[PDB]
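Peer 1: Once you've seen the sequence and the experimental structure below, I've got questions.
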Amino acid sequence: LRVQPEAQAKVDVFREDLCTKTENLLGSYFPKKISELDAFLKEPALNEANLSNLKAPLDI
Amino acid sequence: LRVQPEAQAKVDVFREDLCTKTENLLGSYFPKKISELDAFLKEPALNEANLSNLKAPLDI
Amino acid sequence: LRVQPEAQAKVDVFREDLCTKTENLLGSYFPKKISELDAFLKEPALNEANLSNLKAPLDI
Amino acid sequence: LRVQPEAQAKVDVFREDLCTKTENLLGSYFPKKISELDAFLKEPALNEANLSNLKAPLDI
Amino acid sequence: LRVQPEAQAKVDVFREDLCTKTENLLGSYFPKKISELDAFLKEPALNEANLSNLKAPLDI
Amino acid sequence: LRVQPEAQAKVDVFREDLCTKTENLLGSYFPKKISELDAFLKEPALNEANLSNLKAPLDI
Amino acid sequence: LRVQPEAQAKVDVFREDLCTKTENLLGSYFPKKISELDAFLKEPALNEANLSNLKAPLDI
Amino acid sequence: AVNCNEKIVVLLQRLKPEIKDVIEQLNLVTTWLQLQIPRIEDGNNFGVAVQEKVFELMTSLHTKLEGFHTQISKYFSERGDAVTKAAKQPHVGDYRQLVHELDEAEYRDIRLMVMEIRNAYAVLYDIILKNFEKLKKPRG
Amino acid sequence: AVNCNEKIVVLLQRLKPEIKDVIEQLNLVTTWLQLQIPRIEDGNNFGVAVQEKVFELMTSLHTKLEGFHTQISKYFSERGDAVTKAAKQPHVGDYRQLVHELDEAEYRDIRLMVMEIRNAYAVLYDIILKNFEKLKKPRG
Amino acid sequence: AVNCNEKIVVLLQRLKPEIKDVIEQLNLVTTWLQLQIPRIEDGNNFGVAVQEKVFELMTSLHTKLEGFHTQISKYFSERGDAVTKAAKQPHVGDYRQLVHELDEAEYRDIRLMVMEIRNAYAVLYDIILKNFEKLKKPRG
Amino acid sequence: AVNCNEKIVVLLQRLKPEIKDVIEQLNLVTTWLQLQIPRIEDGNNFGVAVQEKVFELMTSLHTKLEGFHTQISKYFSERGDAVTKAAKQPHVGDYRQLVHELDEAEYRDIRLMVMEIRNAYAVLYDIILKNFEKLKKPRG
Amino acid sequence: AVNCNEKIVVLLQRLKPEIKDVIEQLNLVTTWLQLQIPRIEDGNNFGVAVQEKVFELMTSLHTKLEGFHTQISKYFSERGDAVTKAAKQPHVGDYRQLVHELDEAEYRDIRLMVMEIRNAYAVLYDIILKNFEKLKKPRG
Amino acid sequence: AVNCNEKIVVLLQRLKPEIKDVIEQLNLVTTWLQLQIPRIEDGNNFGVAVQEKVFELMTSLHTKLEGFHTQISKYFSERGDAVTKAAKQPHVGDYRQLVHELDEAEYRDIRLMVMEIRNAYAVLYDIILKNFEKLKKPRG
Amino acid sequence: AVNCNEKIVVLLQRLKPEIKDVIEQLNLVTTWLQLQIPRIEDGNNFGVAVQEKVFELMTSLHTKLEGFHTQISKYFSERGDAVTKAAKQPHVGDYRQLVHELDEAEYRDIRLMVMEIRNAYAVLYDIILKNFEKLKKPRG
């Protein structure tokens, strides 16, 4: 099969960008997200004992 | 792959918290819940012979 | 894994009650129910030749 | 396992009744039903060439 | 198992009738139906080039 | 099994017709249809860049 | 099987066109599309932090 | 008033009981068979395999016949509804034809259900008979 | 009043019986075949395997043909409904075309249903014939 | 006012408790059994295999019986609706027949459900008994 | 009145027949093939294996193509309905857009259906050709 | 106004939190377990096999328990609807019976849900305990 | 009048054509591939195995992408409906939020659809390239 | 007017973006992984086997997470509808309770969705890390 060098080049570039985004995901974004969300959970908004406090008015 | 000391640290922390919560679930929370629920069931609310005692007024 | 003796106890208790309930199920409850229901079936309520005797009014 | 003599008896009775009902099903009821239904099919009610004889009034 | 003489007979008859019906299906009915339907298909009713000839009136 | 001479003949006839229709399908109809449809696709009707040219009126 | 020369020819032509379109798809169109789409994504339209900017009026 | 198609109503009056009969016998027979299943042991399971194959049959027959019961109420409901639309849209003739097509079909089904019931008793009797030895004594 | 497509109504008239015919013969043949199944034994099951393969075919044919029976009522129902909306929304021309599309389709289906029934008889005859020896005498 | 078919309503009153009973016993027994499952080990799993087979049964029984509970509300709902249409379309006799078809069916089901519950107790007792050794001590 | 999209209506007019054609040829070819299946025998089943693999293909093509037939009526129905709501809710512009989205989509489908039909003839011809020897003489 | 069945509303009030509790613990435990899965290696996978079997259980428990959450809103919706019809069709008594059948059933379900949640904690604790060695150190 | 979300409408305008493109190329490539499948022979089927694995991929891609086509009409339909209810029930604020949630979701999907299309071209190019030898000459 | 439940709408405001983020990363990682799949060769496929197992996981995570997206619109739709019925049937108290049950549930879900997202990042990171050697260089 004949893949002209400039076409293969378009692919190689996508492929490098992807490797880069991925080394970054593993080495930083993922550990960061795990920490952010873990905090969100430990937050008060996501921690209500009384769900009746959550109760919204239904004026009828 | 390069996982940064601080980023790895975020993960190590999560992974420890989870182990701790889990040793606690097994060694205490689960045996506790099994007992609580087992009692709830043996309670009168969840033990009615006559369900036509459960009968609620309609009025139409 | 560390399961304190009191937590293990909650479990041991649940586990005994269940064994007891089960010896009773097999040795008595089941043979009893098989007989009760077998009788229910042989009863007239559950034995109507004419289902047009079962016919209920529909005034319209 | 302890199955009381009176409880085992309830079961033994069911299993005898069932064996009897079954010897009868095979040796008689089944051959009987196969013949009855076979007859029903060969009957005129279940044998109409013109289904436009089956046509029921719809006065609108 | 005890299958009385008259009951087995009921069954034997059903199986004979069925064998007969089947020798007939294969040796005649099937070849006949294949020919009838093959003709129906080759018929004009089932062969219309213009389906806009099939078009039915819809006055509104 | 007894398949009458004329009944077997009805079948033989169908089977031959089918073989013929099939030699024709492969050797001609199929190569023909592949070409016809291939042309239809290369046609303008099935080739509109602006689908907003396809846009039909909705007077409301 | 007899496939007429003009009929086989219709097929040969299709099969060639397809091989050609395909060598072109792989060697060029695909690397091209991967690049185009990759760019579209990196574009502002497909990159809005505030989706409340996306908010449309619903006058009622 | 538009009444039910008498002819079919009578056929239904004869069919419903036959259905009730198969489903019950088919349940006895199945129970009898399950109670015949021996202690799970390491070897000598041909007879056990035999019981499992017959059982497969009983189970399809059940599946098949359980439907029949409900297809009857559906008829009156589907028809009731056709009659009603036919009435509300007297200009639409397809609704009058629908009712008639429903009757014809209910008639053709009844014949098929009687046919499929006979066939269950037949096939069941046959299979239980042929393998009685192993169904009753899977090991000897 | 808006009437049914007669050209079609009559075809349905000739088809319905042909359908009833296949489903009944296909039921006899199947029962015959099942009744031919021998005592479950440890060895010598080629014949048995042959009966199982034919059986598989009968079963698809049944599955396929059973649908035909109901696709007919659906036509009148879908159509009755199209006519009604067409009528209630005379400004919407798609409802008028829908009706015509239903008729054209019902016409094309009928032909396919006749075609698929012929084919069932043919394929069935053919397979029962080729393997009659084993279907009738799986063991000898 | 159109009332419920009482002949049935009372039967429903005796059945419902029986259903609640099986489902609960069937849950204890299952739990007891799961709690009997031994540490996953490399060899000696016949007993484990035996527990798995009984388990399969308990699970079907559950599946089967769980439906019964809900089929009861459906009756009143389906019936309530039939009565309502019957009433709103007094000219349509099929609705008046539907209600009666529903009652007959609910009657025939109750008998079946009582029959299928008895059978559960029987088959369960039987199987737990025959294989108790291994169910309780899968390894010795 | 709101009329059908003519540009499409004519395309549907050329497509429908093409669809009817494939489904019928595909049915002949399949029958021919089934009729080619030899007596079930113990050895020498490679050719049989070959007929089974071609068969799998015919069967998918059928499944795929059977859908096309009905997707056409759905267009008019879906469209008829959109136009109606658009009309009843002239303030809701999405309904106006929906109608046009339907047309565009029906257009993109017709092209795909013509494309997938051409491909069926191609792939079928190709496979029957390559394996004709065994499809016709599975054993020699 | 027609109010909710209070006896049930309070039971629901105590239940909802218990459901939220299992689903969360069950999620932690599952995550803990997956994080325990070792690098995929060519040999020595018994421990890995053990984790996979426990995992299977956790997964069913989840499937089973996730439903409970939603079964509660359905109660108020199904009930709200029954009252409404009951009200709109005061002549139809089945709607009043239907309303009461829903309460009885919700009462029996709550008991079953409490029963099935206790059982999840039990079964889970039991299995994690028995196989802790391999769940934590699948290879040594 | 309540108009569509333009920002979205234009994005859809750029997306639709991209979808049409993948589905067509993916259809050519697939046909090419099938036409590459060699005569079914007894040995030497590795290459054939290779074509079968690539084919599996093309097939998922197709399944995945075919849905995109229709998700676009659904947006306008779901939205049209939300606006209508919002309008008819101006006191219900959830309908006003629903409309905005639909837009936000359609926006997030478009991005995902563009992302999943780029990815198909990539994955496809990649796999056809790596195994071209065998896809084109499965036997040599 | 009846408004949406604020405490929840704001929580949805923080969640939605988090969902969009996982689904996108998860798509990148998957593509990266597929692009890592080597030429299909006859031997040496352990690494290939390792990539397939990780892939299985990514795939479940996607399946699981893709739902979250849509469960949000359903909330406003389900709620919008409850408030409306509550309003139209002010005598039916179950509708007011239903509205409050939906909010409580949506609240319980958001917590669970945030919990299940965190867990995806964790489990993914973990598995990609442990098997990076073979995921990146399946053959060496």
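Peer 2: In hand now; what should we look at? Numbers count the residues shown, from 1 in each chain, chains lettered A, B, ... in the order given.
Peer 1: What is the burial count for residue A:57?
Peer 2: 8 (other Cβ atoms under 10 Å in any protein chain shown). (C-beta placed from N, C-alpha, C; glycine too.)
Peer 1: before we move on, what about residue H:138?
Peer 2: Residue H:138: 19 neighbours (other Cβ under 10 Å).
Peer 1: Once you drop chain neighbours, what's closest to it?
Peer 2: Spatial nearest neighbour of residue H:138, chain neighbours left out: residue H:47 (2.7 Å); criterion: Cβ to Cβ, 6 or more residues apart in numbering or on different chains.
Peer 1: go on, residue A:45?
Peer 2: Using Cβ to Cβ, 6+ apart, the nearest residue to residue A:45 is residue N:11, at 6.0 Å.
Peer 1: cool, residue H:70 as well?
Peer 2: residue J:105 (7.3 Å).
Peer 1: Residue 26: what's it in contact with?
Peer 2: This is for chain A. Counting by Cβ atoms under 8 Å, 6 or more residues apart in numbering or on different chains, residue A:26 touches B:1, B:3, N:125, N:128, N:129.
Peer 1: actually chain H
Peer 2: Counted by Cβ under 8 Å, 6+ apart, residue H:26 has contacts H:58, H:61, H:62, H:65, H:120, H:124.
Peer 1: Is there a quick PyMOL command that grabs whichever of those are buried?
Peer 2: Buried residues within the contacts of residue H:26, by 16 or more other Cβ atoms under 10 Å in any protein chain shown, are selected in PyMOL with:
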select buried, chain H and resi 58+61+65+120+124
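Peer 1: Mind checking what secondary structure the residue in chain H positioned nearest to chain L has?
Peer 2: Relative to chain L, the nearest point of chain H is residue H:73 (15.0 Å; Cβ to the nearest Cβ). Classification of residue H:73 by DSSP: H, G, I helix; E, B strand; the rest coil places it in helix.
Peer 1: mind listing what it touches?
Peer 2: J:98, J:101, J:102, J:105.
Peer 1: If we use 10 Å, what do you get?
Peer 2: Counting by Cβ atoms under 10 Å, 6 or more residues apart in numbering or on different chains, residue H:73 touches J:78, J:82, J:97, J:98, J:99, J:100, J:101, J:102, J:104, J:105.
Peer 1: same check, this time on residue H:111
Peer 2: D:40, D:41, D:45, D:46, D:47, D:48, H:11, H:15, I:20, I:23, I:24 are the contacts of residue H:111 under Cβ under 10 Å, 6+ apart.
Peer 1: How much space separates it from residue D:47?
Peer 2: 8 Å (Cβ to Cβ, to the nearest Å).
Peer 1: and for these two, which residues touch both?
Peer 2: residue D:41.
Peer 1: before we move on, the earlier item: going by distance to chain G, which of the contacts of residue H:73 wins?
Peer 2: residue J:78 (39.7 Å).
Peer 1: ok, how many other residues are close to that closest one?
Peer 2: 19.
Peer 1: Please name the nearest non-neighbouring residue to it.
Peer 2: residue J:102 (6.0 Å).
Peer 1: who are the neighbours in contact with that neighbour?
Peer 2: H:73, H:76-77, J:5, J:8, J:74-76, J:78-79, J:81-83, L:94.
Peer 1: of those residues, closest to chain C?
Peer 2: Of those, the one sitting nearest to chain C (Cβ to the nearest Cβ) turns out to be residue J:5, at 3.9 Å.
Peer 1: any idea how far chain E is from the closest one?
Peer 2: Distance, residue J:5 to chain E, by Cβ to the nearest Cβ, to the nearest Å: 39 Å.
Peer 1: tell me the phi and psi of that residue?
Peer 2: When read as degrees, to the nearest 10, the backbone of residue J:5 gives phi -80, psi 110.
Peer 1: my read: it touches residue J:79, true?
Peer 2: Yes: counting by Cβ atoms under 10 Å, residue J:79 is a contact partner of residue J:5 at 7.9 Å.
Peer 1: which residues do those two both contact?
Peer 2: With Cβ under 10 Å, 6+ apart as the test, residue J:5 and residue J:79 both reach C:56, J:99, J:102, J:103, J:106, L:94.
Peer 1: which residue lies farthest from the center of chain H?
Peer 2: residue H:91 (38.6 Å; Cα atoms, centre = their mean).
Peer 1: Apart from its neighbours in sequence, what residue is nearest that residue?
Peer 2: That would be residue I:1: by Cβ to Cβ, 6+ apart, it lies 4.8 Å from residue H:91.
Peer 1: Hmm, that neighbour is touching residue E:60, no?
Peer 2: No: using Cβ under 10 Å, residue I:1 is not in contact with residue E:60, being 11.2 Å away.
Peer 1: what is in contact with these two at once?
Peer 2: In contact with both residue I:1 and residue E:60: H:91, I:83, using Cβ under 10 Å, 6+ apart.
Peer 1: next helix or strand past the strand or helix carrying residue H:120?
Peer 2: Element membership for residue H:120 (DSSP states H and E) is helix H:94-130. Toward the C-terminus, helix H:94-130 is succeeded by helix H:132-136 as the next helix or strand (DSSP H and E).
Peer 1: Does that next one reach chain I?
Peer 2: Yes: remark: helix H:132-136 sits within contact range of chain I at H:132, H:133, H:134, H:135, by Cβ under 10 Å from any Cβ of the partner chain.
Peer 1: Derive a PyMOL selection command for the buried subset of those residues.
Peer 2: With 16+ other Cβ under 10 Å as the criterion, this PyMOL line picks the buried residues out of the residues of helix H:132-136 next to chain I:
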select buried, chain H and resi 134+135
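Peer 1: With distance to residue H:69 as extra columns, can I get the residues of helix H:132-136 next to chain I in TSV?
Peer 2: Supplementary listing: the residues of helix H:132-136 next to chain I in TSV, determined by distance: Cβ to Cβ, whole Å:
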residue	distance to residue H:69
H:132	30
H:133	34
H:134	32
H:135	27
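Peer 1: So which residue is dead centre in chain H?
Peer 2: Residue closest to chain H centre, computed by Cα atoms, centre = their mean, is residue H:65 at 1.9 Å.
Peer 1: Hmm, residue I:40 and the residue nearest to residue H:138 touching each other?
Peer 2: Yes: the criterion here is Cβ under 10 Å, and residue H:47 meets it with residue I:40 at 9.4 Å.
Peer 1: shared neighbours of those two, anything?
Peer 2: With Cβ under 10 Å, 6+ apart, residue H:47 and residue I:40 have common neighbours H:131, H:134, H:135.
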